[PDB]
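A.B. asks:
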Ligand SMILES: CC1(C)CCC(C)(C)c2cc(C3(c4ccc(C(=O)[O-])cc4)OCCO3)ccc21
Ligand SMILES: CC1(C)CCC(C)(C)c2cc(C3(c4ccc(C(=O)[O-])cc4)OCCO3)ccc21
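Chains as they are written, first to last, in PDB author numbering: chain U, 250 to 260; chain V, 301 to 309; chain B, 234 to 246, 267 to 461; chain A, 234 to 248, 268 to 461.
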């Protein structure tokens, strides 16, 4: 639901 | 500001 | 001089929303009496006295009714004897802000067993807001503010030893208290705007 | 278990008007997410808790970030893009009132008590570790993480600043001013969303869900 935040938290 | 002033005396 | 004893003395002295508004107006009188028994309060210029009270009523009343309600872990105990329950507030359209109060204040104060002295200190800290626009002297206000939490860490460390972070735990409810306090303003401002929700005389003077 | 040296190592690890502030806020959000990972035990949390934490307190982790870096700027704010926004430019854009509040309740107080990046770092961590956020899976761990932060902050103050006993409280008492500013800063950003006059970049749109 929060695309840019989930993607920025994993890496 | 009446009731607030009066309530302080 | 801010003896923690005198602050404890000051504290010791249909439509659900309409019943909540009748009670806010009534407690505003009591608030004004509470502040007067705060050490060195009545000695301020009424230019400042009015500003301190017109900048924290939503937050001083929020704290008061919250601490009354530590006994009723269901809803809120109002100053008039009526209990407003989660269902009445939800069924009346104020469930969102009403759940925060129970969650962020009423239940937090229950779990840490906050007493009537730490509440009077915390309300007195809210009262002496030096960040209130147009104060004649914000320095004297903050002077009184520092005097207060000084008497609270001392009271915490002696009455509640082996709890070093209880004095900080208390102060970390002031951000929540303000978050709620401004949400009731916006809520109250809105009830006045729509104009089909009764509002008493004193509650309007506090909404400008 | 939560040292201030690791927290300070996080603050240092990360370094017309309204439109510039919305660009700066967007780019600063990418920097906030990387500040949070370097905060002890934040990444051990459930990924759905990490989302709830940052997404509930960015509006005031950012305000604290720009407030403290603006201690040097007089009557203005230094943005994360290196651009200064002046109080005169603020009123001109129609947002003078809230700008004044940041200059008075935030920048001015961090200046007069000479707040350092360690105190700022713990104050921000306390903001990040807020167990009152709605939807958390384990608020107790978040509360115990918050308790570890200010228990460490009280010690840093007692050892570094023994000439100011109430230095601990003065820091915590800046958190209510922040919750106030951050909320009024959303109530503005949200309005800038409706009209569509201000370009709002990708990341900032998402937070403004
Ligand atoms: C938003 C609405 C109607 C519902 C949610 C709650 C119960 C929080 C609430 C509280 C207030 C109040 C308030 C506080 C105490 C009392 C009382 O003592 O009975 C009465 C009212 O107004 C000043 C601040 O809190 C006002 C409005 C609302
Ligand atoms: C309302 C408006 C435009 C004017 C008042 C100020 C400048 C404080 C402000 C700050 C913010 C901000 C913000 C914080 C930091 C930065 C930065 O450092 O780049 C940029 C923006 O967004 C979230 C909270 O604070 C948003 C909007 C506004």
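The beta carbon of each residue, even a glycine, is placed where N, CA and C say it ideally should be.
1. Which same chain residues, not among the five before or five after residue 309 of chain A, have their C-beta less than 7 Å away from its C-beta?
2. Can you pull every residue whose C-beta falls closer than 6 Å to some heavy atom of ligand 3, listed in chain order?
3. Measure the C-alpha to C-alpha separation of residue 363 of chain B and residue 458 of chain A and round it to an integer number of angstroms.
4. Starting from the Cα of residue 399 of chain B, find the closest Cα among B:415, B:386, B:374 and give me that residue.
5. Should residue 269 of chain B be labelled buried (16 or more other beta-carbon atoms within 10 Å of its own) or exposed?
6. Hey, would you say residue 275 of chain A sits closer than 9 Å to residue 314 of chain A, going by beta carbons?
7. What residues in its chain sit with their C-beta under 6 Å from that of residue 402 of chain A, if we drop five residues either side in the sequence?
8. Say the cut is 8 Å; is the CB of residue 455 of chain A nearer than that to a heavy atom of ligand 1?
9. Since residue 267 of chain A contacts residue 424 of chain B with CB under 8 Å, what's their CB separation in whole angstroms?
10. Output the boundary residues of the alpha helix (DSSP H) element that contains residue 350 of chain B.
11. Closest Cβ-Cβ distance between residue 443 of chain B and chain V: below 9 Å?
12. Using only CA atoms, which one of B:303, B:455, B:326, B:441 lies nearest to residue 386 of chain B?
13. Chain V beta carbons: is any one of them nearer than 9 Å to that of residue 289 of chain B?
14. Please determine whether the Cβ atom of residue 246 of chain B lies at a distance below 8 Å from any heavy atom of ligand 1.
15. At what residues does the beta strand (DSSP E) containing residue 337 of chain A begin and finish?
16. What residue range does the alpha helix (DSSP H) around residue 447 of chain A cover?
17. Taking a contact to mean a Cβ-Cβ separation below 9 Å, would you say residue 299 of chain B touches residue 394 of chain B in this structure?
18. Just to check my reading of the structure: residue 361 of chain A and residue 426 of chain A have Cβ atoms closer than 8 Å, yes? What is that Cβ distance to the nearest angstrom?
19. When the cut-off is 9 Å and only beta carbons count, does residue 435 of chain A lie next to chain B?
20. For residue 306 of chain A, name the three-state secondary structure that DSSP assigns.
21. At the 9 Å Cβ level, is residue 428 of chain A part of the contact set with chain B, yes or no?
22. By the criterion of Cβ-Cβ separation under 9 Å, what are the contact partners of residue 458 of chain B in chain V?
23. DSSP has residue 330 of chain A in a bridge; who is on the other side?
24. What number of angstroms, rounded off, separates the C-alpha of residue 442 of chain B from the C-alpha of residue 460 of chain B?
25. List, in chain order, every chain A residue whose beta-carbon is nearer than 7 Å to that of residue 368 of chain B.
26. Report yes if the C-beta distance between residue 311 of chain A and residue 434 of chain A is below 9 Å; otherwise report no.
C.D. replies: For this structure:
1. Numbered from its first residue, the fourth chain carries residue 309 of chain A at position 57. Closer than 7 Å at the Cβ level, and outside the excluded window around residue 309 of chain A, lie 379, 380, 382.
2. In terms of ligand content, the structure shown lacks ligand 3 and carries ligand 1 and ligand 2 instead.
3. Start at 1 with the first residue of the third chain, and residue 363 of chain B comes out as number 110. Start at 1 with the first residue of the fourth chain, and residue 458 of chain A comes out as number 206. C-alpha separation (whole angstroms): 37 Å.
4. Here residue 399 of chain B corresponds to residue number 146 of the third chain, with the count starting at 1. Residue B:374 is the option with its Cα nearest to residue 399 of chain B.
5. Residue 269 of chain B sits at position 16 when you count from the first residue of the third chain. It is buried - the Cβ of residue 269 of chain B has at least 16 other Cβ atoms within 10 Å.
6. If you number the fourth chain from 1, residue 275 of chain A lands on position 23. If you number the fourth chain from 1, residue 314 of chain A lands on position 62. Their beta carbons are not under 9 Å apart, which means residue 275 of chain A does not touch residue 314 of chain A by this criterion.
7. Counting from 1 along the fourth chain, the entry for residue 402 of chain A is found at position 150. Answer for residue 402 of chain A: 378, listed in chain order.
8. By 1-based counting over the fourth chain, the position of residue 455 of chain A is 203. No, since every heavy atom of ligand 1 falls outside the 8 Å radius drawn around the Cβ of residue 455 of chain A.
9. A break in chain A separates 248 from 268, and the residue in question, residue 267 of chain A, sits inside that break with no coordinates.
10. Here the question's residue 350 of chain B lines up with position 97 in the third chain. Where residue 350 of chain B is concerned, the enclosing alpha helix (DSSP H) stretches over 348 to 353.
11. Residue numbering aside, residue 443 of chain B sits at position 190 when the third chain is read from its first letter. Judged by the 9 Å Cβ criterion, residue 443 of chain B is not in contact with chain V.
12. Here residue 386 of chain B refers to the residue found at position 133 of the third chain. Checked all of B:303, B:455, B:326, B:441; the closest Cα to residue 386 of chain B is B:303.
13. Translated into the one-based positions of the third chain, residue 289 of chain B becomes position 36. By this cut-off, residue 289 of chain B is an interface position.
14. Taking the first residue of the third chain as position 1, residue 246 of chain B is located at position 13. Residue 246 of chain B Cβ: outside cutoff for every heavy atom of ligand 1.
15. Here residue 337 of chain A corresponds to residue number 85 of the fourth chain, with the count starting at 1. Segment 336 to 338, the beta strand (DSSP E) holding residue 337 of chain A.
16. By 1-based counting over the fourth chain, the position of residue 447 of chain A is 195. It spans 426 to 447 - the alpha helix (DSSP H) in which residue 447 of chain A sits, taken as one unbroken run.
17. As a working mapping, residue 299 of chain B is identified with position 46 in the third chain. As a working mapping, residue 394 of chain B is identified with position 141 in the third chain. No, they are not a contact pair.
18. Reading the fourth chain from its first residue, position 109 is the one you call residue 361 of chain A. Reading the fourth chain from its first residue, position 174 is the one you call residue 426 of chain A. Yes, residue 361 of chain A and residue 426 of chain A are in contact; Cβ-Cβ is about 6 Å, under 8 Å.
19. Residue mapping note: residue 435 of chain A aligns to position 183 of the fourth chain, counting from 1. So yes, residue 435 of chain A belongs to the interface.
20. Reading the fourth chain from its first residue, position 54 is the one you call residue 306 of chain A. Helix at residue 306 of chain A.
21. On the fourth chain, residue 428 of chain A is found 176 positions in, with the first residue counted as 1. Yes, residue 428 of chain A counts as interfacial toward chain B.
22. Within the third chain, the letter at position 205 stands for residue 458 of chain B. Here the neighbours are 301, 302, 303, 304.
23. Taking the first residue of the fourth chain as 1, we reach residue 330 of chain A at position 78. In DSSP, residue 330 of chain A forms a bridge with A:336.
24. Translated into positions along the third chain, residue 442 of chain B becomes position 189. Translated into positions along the third chain, residue 460 of chain B becomes position 207. About 7 Å.
25. Here residue 368 of chain B refers to the residue found at position 115 of the third chain. Result: empty, since nearest Cβ-Cβ is about 19 Å, beyond 7 Å.
26. For the purposes of this step, residue 311 of chain A is taken as residue 59 along the fourth chain, with counting starting at 1. For the purposes of this step, residue 434 of chain A is taken as residue 182 along the fourth chain, with counting starting at 1. In contact: residue 311 of chain A and residue 434 of chain A (Cβ atoms closer than 9 Å).
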